[PDB]
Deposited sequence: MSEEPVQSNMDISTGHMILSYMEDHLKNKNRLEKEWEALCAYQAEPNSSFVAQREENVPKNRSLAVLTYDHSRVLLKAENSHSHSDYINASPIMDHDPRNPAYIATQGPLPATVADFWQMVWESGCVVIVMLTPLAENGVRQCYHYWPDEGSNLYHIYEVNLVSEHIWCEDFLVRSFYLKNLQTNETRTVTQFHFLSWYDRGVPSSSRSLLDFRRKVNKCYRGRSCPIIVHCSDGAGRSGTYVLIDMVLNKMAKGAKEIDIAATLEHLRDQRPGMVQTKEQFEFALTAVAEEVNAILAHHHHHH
């Protein structure tokens, strides 16, 4: 563990500090091509409006399938990609776009059927007016999204950069009711990075003190569900490996991600950030 901390630091010296290797790797990464990588379903005429960003469409081989029988639009399609870590049965996350007005019922169906109870949201809803994600929850009281009643139970504001919202999610078909906890990071702007890595890391720690430990996937979204969402996942997967002890390849770990959803980590600056974040956390642990 501390052992693996020093192993990560060694890696950081060769891949974060050496700017040449950063570039080279990112250049490698940009050209990297997943196989398979078809997204024919996502590119159907019928699913065009269910996609926010034409640049980031879920692969046919790695998409969440809504149960068409319970679907709002009688369709299985949602732009969400399961993301496996250890286990090919149980994906650790579902990365998905910011739900659109057209797809909110769908987003909740995926939350219900995935058994998900922790959501991570890494965008504000608007950026100097530029919409990122539809306001898919009620700011007070109850809203109905198809057969999914969502009630806002409470809302806890930790700091300038993040808050938590607690929901009750009732399936009106089955009369069941679950608590879904939504972690909302507010200072991570489109195609950019947080100013404080310390905030994003504490935010992560809070996400995981609440998740620990559940079968169901964490639902991570932002905008395209690639850039920020992927930097989170990448940062979070690499520290989990430290969490449980040998070898470390962050570039290779990112490939594993891009095998499962295109676009993951949109910028070299974001990649640089994910690295800097892992390093800083590992500097803190080892300091103690």
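In sequence order, the gaps in C-alpha coverage of the deposited chain fall at 1-10, 256, 300-304.
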